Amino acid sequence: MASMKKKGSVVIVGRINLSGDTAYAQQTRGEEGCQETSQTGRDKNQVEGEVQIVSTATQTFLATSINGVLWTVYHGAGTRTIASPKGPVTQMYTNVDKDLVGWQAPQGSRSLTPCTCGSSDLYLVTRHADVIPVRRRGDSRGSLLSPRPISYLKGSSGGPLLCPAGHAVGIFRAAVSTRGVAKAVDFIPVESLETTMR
């Protein structure tokens, strides 16, 4: 018992910058700082923007702020705390059945507004800051207008699907692939987030 180890915190290591005319990834913390921050849970770095790049000791993926909550996937974060300036912060939402978790949005982040447009022309933002057109095909599915090898999408779970006006429509969860080629994406609809927020 005395030697039982503790899982580290999720650490914000960068962001997908969407503030200007050009989307691009920025790293804000390197690997050594990330490992140390994961162990302490103390992250004094300034946070900006809507889409964060996040890491554990073993995985890297995305997290998206909507309605003052930073949301990501359970298959990436598990039940982990997130590092913050005052120490680790416990999840405020956890739903393994939806593959969804959330923490209070960090100070300095900006939140996306849930979409109320009813529009099916969407855009997926990847961890490499690609903005991919996606046609909505159901409550939780959308098709890529140009298929991609699944390599292209690996590490983008937790990122947003957006409407033409930049509202959040969903959180990217899984790639739908045949023979390694992604022709569609599965996502957590923002309404499911809004319900989880009871």
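Don't overthink the numbering: it's just position in the shown sequence, from 1.
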Query - 129 to 137 set against 143 to 151, stretch whose average Cα temperature factor tops the other in the entry - result: 143 to 151
Requested in this report: Look over 57 to 65 and 31 to 39 in the entry and identify the one with the greater average Cα temperature factor.
Outcome: 31 to 39
Query raised in the report: Highest Cα B-factor in the deposition, which of 18, 185, 11, 25?
Result: 18
Report summary line: Of the three thirds of Cα B-factor ranks in this chain, residue 165 occupies the highest
Requested in this report: Using the B-factor values recorded in the entry, state whether the Cα atom of residue 96 falls in the lowest, middle or highest third among the modelled residues of its chain.
Outcome: lowest
Report summary line: Quick tally, chain-level thirds of C-alpha B-factors: residue 77 sits in the lowest
**Report entry** Chain-relative CA temperature factor third for residue 45
**Finding:** middle
Report summary line: So, residue 117's CA B-factor, relative to its chain, sits in which third? The highest
